[PDB]
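**Q** Sharing a structure with you now.
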Amino acid sequence: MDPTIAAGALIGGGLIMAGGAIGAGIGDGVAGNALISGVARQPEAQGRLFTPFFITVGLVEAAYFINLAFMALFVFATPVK
Amino acid sequence: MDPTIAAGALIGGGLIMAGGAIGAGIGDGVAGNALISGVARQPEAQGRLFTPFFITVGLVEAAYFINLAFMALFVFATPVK
Amino acid sequence: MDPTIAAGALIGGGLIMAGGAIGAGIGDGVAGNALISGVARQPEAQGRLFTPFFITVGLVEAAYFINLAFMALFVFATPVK
Amino acid sequence: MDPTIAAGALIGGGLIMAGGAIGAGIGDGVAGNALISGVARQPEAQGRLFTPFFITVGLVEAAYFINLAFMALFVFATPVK
Amino acid sequence: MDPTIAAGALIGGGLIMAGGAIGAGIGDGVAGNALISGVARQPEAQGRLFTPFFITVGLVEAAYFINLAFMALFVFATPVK
Amino acid sequence: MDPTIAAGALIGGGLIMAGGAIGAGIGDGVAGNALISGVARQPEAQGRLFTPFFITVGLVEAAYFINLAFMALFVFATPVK
Amino acid sequence: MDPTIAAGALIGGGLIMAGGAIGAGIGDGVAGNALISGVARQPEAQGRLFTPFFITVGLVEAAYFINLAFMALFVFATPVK
Amino acid sequence: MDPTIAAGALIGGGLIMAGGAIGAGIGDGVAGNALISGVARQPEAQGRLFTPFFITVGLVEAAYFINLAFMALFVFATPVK
Amino acid sequence: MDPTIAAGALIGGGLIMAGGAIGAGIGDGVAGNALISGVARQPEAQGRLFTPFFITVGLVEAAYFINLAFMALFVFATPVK
Amino acid sequence: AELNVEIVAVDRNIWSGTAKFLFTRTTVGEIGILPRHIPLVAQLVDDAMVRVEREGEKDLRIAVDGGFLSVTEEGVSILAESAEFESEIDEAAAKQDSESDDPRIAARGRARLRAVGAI
Amino acid sequence: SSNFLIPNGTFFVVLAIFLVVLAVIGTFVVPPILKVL
Amino acid sequence: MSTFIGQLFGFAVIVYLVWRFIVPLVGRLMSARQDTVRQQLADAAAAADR
Amino acid sequence: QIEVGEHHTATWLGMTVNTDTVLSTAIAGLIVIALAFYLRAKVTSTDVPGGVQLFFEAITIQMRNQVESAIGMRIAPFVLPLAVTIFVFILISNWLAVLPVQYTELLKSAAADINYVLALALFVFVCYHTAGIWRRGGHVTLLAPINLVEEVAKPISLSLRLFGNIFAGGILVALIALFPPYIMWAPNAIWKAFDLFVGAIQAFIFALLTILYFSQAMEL
Ligand SMILES: COc1cc([C@](O)(CCN(C)C)[C@@H](c2cc3cc(Br)ccc3nc2OC)c2cccc(OC)c2F)cc(OC)n1
Ligand SMILES: COc1cc([C@](O)(CCN(C)C)[C@@H](c2cc3cc(Br)ccc3nc2OC)c2cccc(OC)c2F)cc(OC)n1
Ligand SMILES: COc1cc([C@](O)(CCN(C)C)[C@@H](c2cc3cc(Br)ccc3nc2OC)c2cccc(OC)c2F)cc(OC)n1
Ligand SMILES: COc1cc([C@](O)(CCN(C)C)[C@@H](c2cc3cc(Br)ccc3nc2OC)c2cccc(OC)c2F)cc(OC)n1
Ligand SMILES: COc1cc([C@](O)(CCN(C)C)[C@@H](c2cc3cc(Br)ccc3nc2OC)c2cccc(OC)c2F)cc(OC)n1
Ligand SMILES: COc1cc([C@](O)(CCN(C)C)[C@@H](c2cc3cc(Br)ccc3nc2OC)c2cccc(OC)c2F)cc(OC)n1
Ligand SMILES: COc1cc([C@](O)(CCN(C)C)[C@@H](c2cc3cc(Br)ccc3nc2OC)c2cccc(OC)c2F)cc(OC)n1
């Protein structure tokens, strides 16, 4: 009845947030690694290295945020009732 | 009881997004890590590095979006019910 | 009863599309990361670098599509029944 | 009744603590890997390398903290009940 | 009773194919990465670079195909039933 | 009943410690990789390389210890009961 | 009863074949990625590069096939009943 | 009754066999990637490179087989029963 | 009823040891990669490269041993009972 | 097609022709250049050898001393404080000189030894 | 119905077969081919 | 019992491909080694008579 | 359904011994010693060499390169023959599985039983331990326990992979049998193709690891 669906919603939200966290964390890490390497190699290049950076982080953080959004839709507003 | 199906859709669908988030999240990082490097190496090449980038991303995001779609199909439709 | 099989297809099927997206999503990344750098090192290589690239992606995308198919076979055929 | 939701509280919340910890632990490990590298390549650059670094880690640690928050919101608040 | 082992076999086949997809995808990705890099380096080595390529890919596909076969054993010819 | 909450708490603590372990292990590995490389490049640099290293490790290790703490708070002092 | 154990055999066993293919498939990538690159650096070194390649493979694939062995011992000859 | 512990061993113990198989099969690759590259650059170094190689493998394989120990202890000599 | 807590403890120990093995194996791999590369680059450094190495591995192996300890603490002397 | 090799010593053009493959050893390991190849600049090892492989002849082997390597669109170019062909190295003095304590002359000896096929 | 991962007596059978094959090669081939080269 | 049919048929196709790919090239390599060692011993005889 | 690797057996000294897995290792050993006779008789030195002669000579010079790369032949030459048998005795021990017998078949390789690889590995174990004691009677003391499992894992690892790498084949040969015979040939064909590669690679790594463990045993 309700309790099984509630537990399922909790576990689904947990899985969604765990996936989002792994994705965002490692993607931001692997992007900032190239940022730091480019800053260390060509110091004056920083000003431009931020435009390819803040694209990928966007494309990364979107993947995070969307999941977070759906987590709400999974927990507070369980679609299957 | 039938609501277990709902749980199966809530858990299962969750996985479909979790994996998706580890697909885009890292899949763009590992791709952007190249752009942030290419633009650091040859800045005047920023104009052309957006052709291969927007292919890899253009593929990776697909693997995300499709997943999103099916997750919807899992939760808002639940094919096996 | 039969519902316990239904969710068994929704959960398992979800898994088939989780490891699918982590497979393609990262694959197309780690392959495309070698294209961008290549093109970032010599722009006239974009003509020939598509010959290995679209091979790897091909292989990679196969690993996805098969799983995609199987997910349908899990959600729309439920073999063990 | 309620106890099984409690299970979905401790399990799901646990997942949220797990994913984040895999996203942070590796994220800092990769981003930091550039610092340790850059400083080893150019000790003179250390002072500036802490600016991009502390960006990435920040973003990375954000992925942790939010998840940590939601962990409590699963184990202490338990929305669905 | 049959539905329990049915759901078990479905989840097991899902896990088997998820592992197979992750392995094949990322293995072919990391191999094609080196293929694209080596063809960008020495464009004349392409004809040779396929023989160390189609070995690794070959090898990798083994660890995929096996899973596929065993997936069938889990799905169409369930061991204990 | 309480034993089901007991199993939930035990699996949650397991997930927490497993995530912490993966994170700390791979983070320490990736950071010490750069440390060993920088020491093999410039032998005298070791003294300064322990400045960024024990920073990143300090972050990585934190993401372990916290989990450890939380894990105990899960198993010895189950927040839900 | 018996069926539950059978389920635990098909699920658990499946895990052993998942963690196998992830370890082997990625391994034979990260090893092959060093072979192809080698045969791209000195296109006449292939001859000797097979003696460290087929050693590493022999170790990597070990962790896979050993698993498969025990997988049978789980799926066909469950040590507990 | 006892079956719930039996399955608890097959899954739990099964998990142990996947972790090790991912920890070894990738480690033995990431380490081997060094070896091959070394031999691709300085064949004269082959004889000495097997000394730091089989140290790390000596560690890595251990992390596998200790697991392969406990898994056995879980499936043949379940401690709590 | 104890069997549920027994299965919980078993799967908890399985998760702990699987995470610990993944972390330790991949950490030792990524550290031995740097060790072998350093020895293959600056061979005379072979002596000193063991003072940074046996730090990281040390740290890495801590992440294992603790887990190992706590694994037994879940299995043989279960905290919750 | 093939690539163009031009080995110039400090005071004399050592050799110049076309080649199918060019093996040598940079301070970062061995390397083999093929008709097309990314532009590269690299310092050859102390006792480098350079094996050029022509289409219709035998593989010329050159002991190079003090060399640098530059691969471009046109072809390879090797610099060298001193270059000695395979057809002219005296195995006796070359071997006897290898175990000298002087680094430069020992490197010359090892190069002369690699070029003639031994070591 | 029996477990297959159990040690057996075939251990000693194949031990003996392998020992005699080792002696065979050590007396018959290695030294011949080694001195041939 | 047609499993024998499938197995023997597989053996036939794989030995066909073996005669297509493997044995030609391995015979080529062993015959090349034979040619080299025979040329070496012939030059040994030539050095002796010289 | 699919049977696990059971056996027929017989008792000869109180302990049981599997009926098969003795016939197959017997065939392997006799073929090895038979080609050894062939080579010893047809060992050519002056004229063009035969196929089997160049085959064995390439194998033994490969093993020789490896051993003196690890430990000079002047100090421990016996590791070279012990090596090559480990290769060749094992190589055929797998190759014979390619020929079709099944209908359940008794023509599965000798490694399909754990005791085969156990005997080989424990023999290597005691051999390199005797090598270590013969010289005098790791690289960091504080890792004694790893170097303790070094004692135990080497015979374990060496054995287990050699079982697993083979045992999977011993299972897959049955599995493809459950498909229709008029379509089962192609996956059967591919797998038969890969069988040779995996057998050869496994024998190769086993021999090389034997050599390296001997080198590590007789250190100093
Ligand atoms: C629903 O929540 C989203 C989703 C999405 C996307 O699914 C991508 C998600 N990523 C950014 C993490 C997006 C998308 C689909 C693609 C499909 C292929 Br096939 C190829 C490239 C693709 N690229 C895309 O974006 C780069 C998309 C989808 C639909 C409508 C859209 O227009 C309104 C749209 F933008 C973006 C978003 O923005 C906040 N919110
Ligand atoms: C909603 O399902 C999809 C699927 C797909 C693909 O699977 C690509 C998935 N990636 C991008 C993650 C795709 C595909 C399958 C392949 C199969 C092999 Br075997 C080899 C190369 C392959 N390459 C492919 O494209 C790169 C594909 C499949 C079917 C019809 C298609 O035509 C519309 C089609 F494009 C795309 C898609 O876009 C909405 N939706
Ligand atoms: C629907 O299931 C598939 C499977 C496959 C493959 O498994 C490869 C999967 N990758 C590309 C992701 C393939 C295969 C098996 C191998 C086995 C060994 Br042992 C060694 C090398 C191997 N190499 C292979 O191809 C690279 C294969 C298998 C069977 C029949 C086949 O003929 C149609 C066939 F092509 C392809 C596919 O295409 C839609 N569908
Ligand atoms: C709700 O919990 C959060 C969330 C968030 C973010 O989601 C980032 C999460 N990561 C850093 C772990 C954030 C965000 C959303 C994005 C969306 C797209 Br589409 C593209 C780029 C995006 N980038 C972002 O950050 C750079 C965000 C979200 C909402 C409001 C916001 O403004 C008040 C806002 F900043 C931050 C936060 O506090 C630190 N708490
Ligand atoms: C209570 O358990 C902790 C947690 C924490 C942190 O979560 C870091 C976790 N990792 C290092 C393992 C920490 C944190 C949160 C962040 C949030 C954003 Br949004 C952006 C950057 C952030 N950076 C942080 O640290 C660099 C933090 C936590 C709470 C309050 C705080 O004060 C505002 C605070 F700083 C640290 C800790 O002790 C070391 N114990
Ligand atoms: C069955 O439990 C083990 C454990 C172990 C080790 O954990 C190594 C585990 N990996 C290498 C496979 C070992 C160990 C513990 C460490 C603890 C810290 Br804190 C820091 C560094 C450590 N480094 C270590 O070695 C690298 C160890 C463990 C316990 C007591 C010990 O006595 C001193 C001991 F040595 C080996 C083993 O073989 C059966 N069985
Ligand atoms: C009890 O189980 C342990 C735990 C630990 C550590 O958690 C390290 C865990 N890693 C190696 C995987 C350790 C630790 C906690 C940290 C906390 C923050 Br916030 C920031 C940096 C931290 N760094 C740390 O190590 C450098 C630690 C813990 C407690 C007391 C301590 O003494 C003051 C202490 F050192 C070590 C251990 O050894 C037997 N047993």
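Residue names in the structure tokens use chain letters A, B, ... in the order shown, residue numbers from 1 in each chain, and ligand numbers from 1 in the order shown.
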Please provide the set of residues having any atom within 12 Å of residue 43 of chain I, restricted to only C-alpha atoms, with same-chain residues fewer than 3 positions apart removed, written as JSON, numbers by chain.

**A** {"F": [40, 41], "H": [38, 42, 44, 45, 46, 48, 49, 52], "I": [35, 36, 37, 38, 39, 40, 46, 47, 48, 49]}

**Q** Go through the chains and note each residue within 8 Å of ligand 3, using only C-alpha atoms and all ligand atoms, then give the set as a compact mmCIF listing (two decimals) with N, CA, C and O atoms, in the first residue's frame.

**A**
```
# COMPACT_ATOMS: atom_id res chain seq x y z
N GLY C 58 31.50 3.69 -32.58
CA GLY C 58 30.69 2.59 -33.07
C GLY C 58 30.65 1.44 -32.09
O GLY C 58 29.60 1.13 -31.52
N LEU C 59 31.81 0.82 -31.84
CA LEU C 59 31.89 -0.23 -30.84
C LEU C 59 31.20 0.19 -29.55
O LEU C 59 30.27 -0.49 -29.09
N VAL C 60 31.59 1.34 -29.01
CA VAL C 60 31.01 1.80 -27.75
C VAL C 60 29.50 1.85 -27.85
O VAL C 60 28.79 1.29 -27.00
N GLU C 61 28.98 2.46 -28.91
CA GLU C 61 27.54 2.64 -28.99
C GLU C 61 26.83 1.31 -29.10
O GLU C 61 25.70 1.18 -28.61
N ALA C 62 27.48 0.32 -29.71
CA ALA C 62 26.88 -1.01 -29.73
C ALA C 62 26.60 -1.49 -28.31
O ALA C 62 25.48 -1.89 -28.00
N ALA C 63 27.60 -1.38 -27.43
CA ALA C 63 27.42 -1.80 -26.05
C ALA C 63 26.22 -1.13 -25.42
O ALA C 63 25.55 -1.70 -24.56
N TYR C 64 25.90 0.09 -25.86
CA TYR C 64 24.71 0.75 -25.36
C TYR C 64 23.46 0.15 -25.98
O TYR C 64 22.57 -0.33 -25.27
N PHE C 65 23.41 0.12 -27.32
CA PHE C 65 22.15 -0.20 -28.00
C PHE C 65 21.65 -1.58 -27.60
O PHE C 65 20.46 -1.74 -27.30
N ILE C 66 22.54 -2.57 -27.59
CA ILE C 66 22.17 -3.91 -27.13
C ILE C 66 21.43 -3.82 -25.81
O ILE C 66 20.28 -4.28 -25.69
N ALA E 21 28.16 -4.13 -20.00
CA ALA E 21 28.11 -2.88 -20.74
C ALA E 21 29.14 -1.89 -20.24
O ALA E 21 29.82 -1.25 -21.03
N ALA E 24 32.66 -3.26 -21.42
CA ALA E 24 32.89 -3.13 -22.85
C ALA E 24 32.99 -1.66 -23.26
O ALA E 24 33.90 -1.27 -23.99
N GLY E 25 32.04 -0.84 -22.81
CA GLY E 25 32.07 0.56 -23.16
C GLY E 25 33.36 1.24 -22.77
O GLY E 25 34.02 1.85 -23.61
N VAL E 57 40.48 -4.60 -28.07
CA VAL E 57 39.04 -4.68 -28.34
C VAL E 57 38.59 -6.12 -28.40
O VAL E 57 37.68 -6.54 -27.67
N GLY E 58 39.25 -6.93 -29.24
CA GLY E 58 38.96 -8.35 -29.26
C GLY E 58 38.88 -8.93 -27.87
O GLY E 58 37.83 -9.39 -27.43
N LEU E 59 40.00 -8.86 -27.13
CA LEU E 59 40.01 -9.37 -25.76
C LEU E 59 38.83 -8.83 -24.97
O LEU E 59 38.08 -9.60 -24.37
N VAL E 60 38.62 -7.51 -25.01
CA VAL E 60 37.56 -6.90 -24.22
C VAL E 60 36.22 -7.52 -24.58
O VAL E 60 35.44 -7.90 -23.71
N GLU E 61 35.96 -7.67 -25.88
CA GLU E 61 34.68 -8.19 -26.31
C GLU E 61 34.43 -9.59 -25.77
O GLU E 61 33.27 -9.94 -25.52
N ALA E 62 35.49 -10.38 -25.58
CA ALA E 62 35.31 -11.66 -24.92
C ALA E 62 34.57 -11.48 -23.60
O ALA E 62 33.46 -12.01 -23.42
N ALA E 63 35.12 -10.66 -22.71
CA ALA E 63 34.51 -10.47 -21.40
C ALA E 63 33.12 -9.86 -21.51
O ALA E 63 32.36 -9.86 -20.54
N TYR E 64 32.76 -9.34 -22.68
CA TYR E 64 31.38 -8.94 -22.90
C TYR E 64 30.54 -10.11 -23.36
O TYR E 64 29.53 -10.45 -22.73
N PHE E 65 30.97 -10.77 -24.44
CA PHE E 65 30.14 -11.81 -25.05
C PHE E 65 29.82 -12.91 -24.05
O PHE E 65 28.66 -13.34 -23.96
N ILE E 66 30.82 -13.36 -23.29
CA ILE E 66 30.58 -14.33 -22.23
C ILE E 66 29.39 -13.92 -21.39
O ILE E 66 28.42 -14.68 -21.25
N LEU E 68 26.94 -11.90 -22.06
CA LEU E 68 25.75 -12.08 -22.88
C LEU E 68 25.27 -13.51 -22.83
O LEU E 68 24.12 -13.77 -22.46
N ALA M 186 28.11 -21.21 -35.04
CA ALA M 186 28.87 -19.97 -35.13
C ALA M 186 29.41 -19.52 -33.78
O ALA M 186 30.63 -19.28 -33.68
N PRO M 187 28.61 -19.37 -32.72
CA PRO M 187 29.21 -19.04 -31.41
C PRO M 187 30.16 -20.12 -30.93
O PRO M 187 31.20 -19.82 -30.33
N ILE M 190 33.42 -19.33 -32.84
CA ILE M 190 34.15 -18.18 -32.24
C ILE M 190 34.82 -18.62 -30.94
O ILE M 190 36.02 -18.34 -30.77
N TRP M 191 34.07 -19.29 -30.06
CA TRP M 191 34.61 -19.67 -28.76
C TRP M 191 35.76 -20.66 -28.93
O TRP M 191 36.76 -20.57 -28.21
N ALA M 193 37.74 -20.69 -31.40
CA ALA M 193 38.86 -19.85 -31.82
C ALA M 193 39.54 -19.20 -30.62
O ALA M 193 40.77 -19.25 -30.50
N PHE M 194 38.76 -18.59 -29.72
CA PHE M 194 39.33 -17.92 -28.56
C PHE M 194 39.98 -18.88 -27.57
O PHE M 194 40.84 -18.47 -26.78
```

**Q** Report as a PDB file with N, CA, C and O atoms, in the first residue's frame the set of chain A residues whose atoms approach chain D to within 7 Å, with distances computed over only C-alpha atoms.

**A**
```
ATOM      1  N   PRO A   3       3.143   2.305   2.588  1.00  0.00           N
ATOM      2  CA  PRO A   3       4.512   2.211   3.129  1.00  0.00           C
ATOM      3  C   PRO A   3       5.537   1.679   2.140  1.00  0.00           C
ATOM      4  O   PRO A   3       6.667   2.185   2.098  1.00  0.00           O
ATOM      5  N   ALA A   6       6.400   4.399  -0.190  1.00  0.00           N
ATOM      6  CA  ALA A   6       7.199   5.416   0.485  1.00  0.00           C
ATOM      7  C   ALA A   6       8.658   4.991   0.579  1.00  0.00           C
ATOM      8  O   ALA A   6       9.571   5.778   0.299  1.00  0.00           O
ATOM      9  N   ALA A   7       8.897   3.740   0.977  1.00  0.00           N
ATOM     10  CA  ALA A   7      10.264   3.237   1.034  1.00  0.00           C
ATOM     11  C   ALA A   7      10.900   3.216  -0.349  1.00  0.00           C
ATOM     12  O   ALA A   7      12.080   3.556  -0.508  1.00  0.00           O
ATOM     13  N   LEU A  10      11.919   6.699  -1.207  1.00  0.00           N
ATOM     14  CA  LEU A  10      13.133   7.081  -0.496  1.00  0.00           C
ATOM     15  C   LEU A  10      14.369   6.477  -1.150  1.00  0.00           C
ATOM     16  O   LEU A  10      15.367   7.172  -1.361  1.00  0.00           O
ATOM     17  N   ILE A  11      14.313   5.190  -1.503  1.00  0.00           N
ATOM     18  CA  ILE A  11      15.486   4.549  -2.090  1.00  0.00           C
ATOM     19  C   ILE A  11      15.748   5.088  -3.493  1.00  0.00           C
ATOM     20  O   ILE A  11      16.903   5.254  -3.900  1.00  0.00           O
ATOM     21  N   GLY A  14      17.394   8.367  -3.080  1.00  0.00           N
ATOM     22  CA  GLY A  14      18.769   8.138  -2.677  1.00  0.00           C
ATOM     23  C   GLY A  14      19.655   7.768  -3.849  1.00  0.00           C
ATOM     24  O   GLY A  14      20.764   8.284  -3.993  1.00  0.00           O
ATOM     25  N   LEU A  15      19.171   6.872  -4.708  1.00  0.00           N
ATOM     26  CA  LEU A  15      19.952   6.473  -5.873  1.00  0.00           C
ATOM     27  C   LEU A  15      20.163   7.650  -6.815  1.00  0.00           C
ATOM     28  O   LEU A  15      21.257   7.835  -7.359  1.00  0.00           O
ATOM     29  N   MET A  17      20.213  10.919  -6.088  1.00  0.00           N
ATOM     30  CA  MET A  17      21.177  11.851  -5.522  1.00  0.00           C
ATOM     31  C   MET A  17      22.584  11.278  -5.458  1.00  0.00           C
ATOM     32  O   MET A  17      23.545  12.029  -5.628  1.00  0.00           O
ATOM     33  N   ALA A  18      22.734   9.969  -5.254  1.00  0.00           N
ATOM     34  CA  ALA A  18      24.066   9.378  -5.252  1.00  0.00           C
ATOM     35  C   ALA A  18      24.681   9.425  -6.643  1.00  0.00           C
ATOM     36  O   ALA A  18      25.857   9.775  -6.805  1.00  0.00           O
ATOM     37  N   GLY A  19      23.901   9.069  -7.663  1.00  0.00           N
ATOM     38  CA  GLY A  19      24.388   9.196  -9.024  1.00  0.00           C
ATOM     39  C   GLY A  19      24.760  10.623  -9.369  1.00  0.00           C
ATOM     40  O   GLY A  19      25.823  10.877  -9.940  1.00  0.00           O
ATOM     41  N   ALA A  21      25.648  12.994  -7.333  1.00  0.00           N
ATOM     42  CA  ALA A  21      26.835  13.392  -6.592  1.00  0.00           C
ATOM     43  C   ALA A  21      28.100  12.836  -7.215  1.00  0.00           C
ATOM     44  O   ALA A  21      29.077  13.572  -7.370  1.00  0.00           O
ATOM     45  N   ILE A  22      28.106  11.555  -7.586  1.00  0.00           N
ATOM     46  CA  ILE A  22      29.293  10.987  -8.220  1.00  0.00           C
ATOM     47  C   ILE A  22      29.587  11.714  -9.524  1.00  0.00           C
ATOM     48  O   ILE A  22      30.722  12.139  -9.780  1.00  0.00           O
ATOM     49  N   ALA A  24      28.651  14.789 -10.655  1.00  0.00           N
ATOM     50  CA  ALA A  24      29.078  16.171 -10.473  1.00  0.00           C
ATOM     51  C   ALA A  24      30.471  16.243  -9.867  1.00  0.00           C
ATOM     52  O   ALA A  24      31.336  16.972 -10.360  1.00  0.00           O
ATOM     53  N   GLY A  25      30.709  15.496  -8.788  1.00  0.00           N
ATOM     54  CA  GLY A  25      32.018  15.516  -8.163  1.00  0.00           C
ATOM     55  C   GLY A  25      33.138  15.169  -9.121  1.00  0.00           C
ATOM     56  O   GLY A  25      34.085  15.941  -9.283  1.00  0.00           O
ATOM     57  N   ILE A  26      33.042  14.018  -9.790  1.00  0.00           N
ATOM     58  CA  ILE A  26      34.171  13.599 -10.612  1.00  0.00           C
ATOM     59  C   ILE A  26      34.277  14.443 -11.876  1.00  0.00           C
ATOM     60  O   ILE A  26      35.382  14.730 -12.340  1.00  0.00           O
ATOM     61  N   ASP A  28      33.459  17.690 -12.208  1.00  0.00           N
ATOM     62  CA  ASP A  28      34.072  18.945 -11.798  1.00  0.00           C
ATOM     63  C   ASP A  28      35.540  18.751 -11.456  1.00  0.00           C
ATOM     64  O   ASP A  28      36.364  19.620 -11.746  1.00  0.00           O
ATOM     65  N   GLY A  29      35.893  17.614 -10.857  1.00  0.00           N
ATOM     66  CA  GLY A  29      37.295  17.350 -10.583  1.00  0.00           C
ATOM     67  C   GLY A  29      38.123  17.248 -11.848  1.00  0.00           C
ATOM     68  O   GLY A  29      39.186  17.862 -11.959  1.00  0.00           O
ATOM     69  N   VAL A  30      37.637  16.488 -12.830  1.00  0.00           N
ATOM     70  CA  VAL A  30      38.408  16.267 -14.050  1.00  0.00           C
ATOM     71  C   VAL A  30      38.431  17.522 -14.915  1.00  0.00           C
ATOM     72  O   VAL A  30      39.319  17.693 -15.757  1.00  0.00           O
ATOM     73  N   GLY A  32      38.352  20.808 -13.451  1.00  0.00           N
ATOM     74  CA  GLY A  32      39.241  21.697 -12.733  1.00  0.00           C
ATOM     75  C   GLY A  32      40.684  21.246 -12.784  1.00  0.00           C
ATOM     76  O   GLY A  32      41.597  22.052 -12.616  1.00  0.00           O
ATOM     77  N   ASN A  33      40.914  19.955 -13.016  1.00  0.00           N
ATOM     78  CA  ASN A  33      42.281  19.492 -13.199  1.00  0.00           C
ATOM     79  C   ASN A  33      42.908  20.130 -14.426  1.00  0.00           C
ATOM     80  O   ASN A  33      44.042  20.617 -14.372  1.00  0.00           O
ATOM     81  N   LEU A  35      41.829  22.892 -15.774  1.00  0.00           N
ATOM     82  CA  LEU A  35      41.918  24.314 -15.447  1.00  0.00           C
ATOM     83  C   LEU A  35      43.223  24.630 -14.728  1.00  0.00           C
ATOM     84  O   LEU A  35      43.956  25.542 -15.121  1.00  0.00           O
ATOM     85  N   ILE A  36      43.523  23.889 -13.662  1.00  0.00           N
ATOM     86  CA  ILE A  36      44.732  24.140 -12.885  1.00  0.00           C
ATOM     87  C   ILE A  36      45.973  23.885 -13.726  1.00  0.00           C
ATOM     88  O   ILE A  36      46.959  24.622 -13.635  1.00  0.00           O
ATOM     89  N   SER A  37      45.952  22.842 -14.555  1.00  0.00           N
ATOM     90  CA  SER A  37      47.117  22.568 -15.387  1.00  0.00           C
ATOM     91  C   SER A  37      47.360  23.689 -16.386  1.00  0.00           C
ATOM     92  O   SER A  37      48.506  24.101 -16.595  1.00  0.00           O
ATOM     93  N   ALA A  40      48.767  26.662 -14.601  1.00  0.00           N
ATOM     94  CA  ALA A  40      50.158  26.479 -14.201  1.00  0.00           C
ATOM     95  C   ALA A  40      51.090  26.560 -15.399  1.00  0.00           C
ATOM     96  O   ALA A  40      52.233  27.012 -15.281  1.00  0.00           O
ATOM     97  N   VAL A  75      10.404  12.291  -4.043  1.00  0.00           N
ATOM     98  CA  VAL A  75      10.166  12.189  -2.610  1.00  0.00           C
ATOM     99  C   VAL A  75       8.880  12.905  -2.220  1.00  0.00           C
ATOM    100  O   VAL A  75       7.932  12.284  -1.730  1.00  0.00           O
ATOM    101  N   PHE A  76       8.820  14.217  -2.442  1.00  0.00           N
ATOM    102  CA  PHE A  76       7.678  14.999  -1.991  1.00  0.00           C
ATOM    103  C   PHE A  76       6.425  14.765  -2.821  1.00  0.00           C
ATOM    104  O   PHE A  76       5.318  14.928  -2.300  1.00  0.00           O
TER     105      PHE A  76
END
```

**Q** If you run DSSP on this backbone, which residues of segment 30-79 of chain C come out as alpha helix (DSSP H), and could you give them as a PyMOL selection string?

**A** chain C and resi 30-41+50-75

**Q** Can I get the residues of chain M within 10 Å of ligand 6, each with the closest pair of atoms and their distance in Å to one decimal, using only C-alpha atoms and all ligand atoms, sorted chain first then ascending number, as JSON lines?

**A**
```
{"residue": "M:142", "atom": "CA", "partner": "ligand 6", "partner_atom_place_in_ligand_line": "35 (F)", "distance": 7.6}
{"residue": "M:143", "atom": "CA", "partner": "ligand 6", "partner_atom_place_in_ligand_line": "25 (O)", "distance": 5.6}
{"residue": "M:144", "atom": "CA", "partner": "ligand 6", "partner_atom_place_in_ligand_line": "35 (F)", "distance": 6.6}
{"residue": "M:145", "atom": "CA", "partner": "ligand 6", "partner_atom_place_in_ligand_line": "35 (F)", "distance": 4.6}
{"residue": "M:146", "atom": "CA", "partner": "ligand 6", "partner_atom_place_in_ligand_line": "36 (C)", "distance": 5.4}
{"residue": "M:147", "atom": "CA", "partner": "ligand 6", "partner_atom_place_in_ligand_line": "38 (O)", "distance": 8.5}
{"residue": "M:148", "atom": "CA", "partner": "ligand 6", "partner_atom_place_in_ligand_line": "38 (O)", "distance": 6.9}
{"residue": "M:149", "atom": "CA", "partner": "ligand 6", "partner_atom_place_in_ligand_line": "38 (O)", "distance": 5.2}
{"residue": "M:150", "atom": "CA", "partner": "ligand 6", "partner_atom_place_in_ligand_line": "38 (O)", "distance": 8.6}
{"residue": "M:152", "atom": "CA", "partner": "ligand 6", "partner_atom_place_in_ligand_line": "39 (C)", "distance": 8.8}
{"residue": "M:153", "atom": "CA", "partner": "ligand 6", "partner_atom_place_in_ligand_line": "39 (C)", "distance": 9.0}
```
